[PDB]
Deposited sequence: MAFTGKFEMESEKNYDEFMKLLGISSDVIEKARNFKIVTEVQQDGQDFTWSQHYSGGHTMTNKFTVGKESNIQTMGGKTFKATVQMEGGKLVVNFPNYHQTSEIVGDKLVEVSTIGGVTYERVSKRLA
């Protein structure tokens, strides 16, 4: 997981962001940002940073913490290891992160909408 990654592909960004409630103007401008993810894994402890402004989250696998999104939305959750994925279950929100051949793959699911981000390792 440790590394620096840059976003290259994504699935269903529009539908996902609409479902979050963000305006189409914000969705229109924000799509053009390139997100850079920096991860430092020390055992079960993670430092997870997103740049494009900066948002840093610190967490341990199996211990509850508060994840903050890039915009500022905080939420209580416990990150779990499941077969190579980090997993976050939450009221109507499933999210997973994974390394798939030097590529950070991040899936998020709300309702019946699945968002997928693929980022290349730098």
Report task. Where the model has no C-alpha, note the corresponding stretch of the deposited sequence, numbering from 1. Result -> 1-2, 55-57, 128
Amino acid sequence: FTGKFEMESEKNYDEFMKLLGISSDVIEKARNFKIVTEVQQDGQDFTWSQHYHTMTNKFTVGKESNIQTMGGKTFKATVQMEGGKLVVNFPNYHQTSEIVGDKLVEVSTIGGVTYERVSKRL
From here on, numbers count along this sequence of modelled residues.
Report task. Take the C-alpha B-factors listed in the entry for 25-33 and for 60-68, compute each mean, and give the stretch with the larger one. Result -> 60-68
Query raised in the report: Which wins on mean Cα temperature factor, 76-84 or 40-48?
Result: 76-84
Query raised in the report: Between 14, 102, 98, 10, which one tops the list for C-alpha B-factor in the PDB entry?
Result: 102
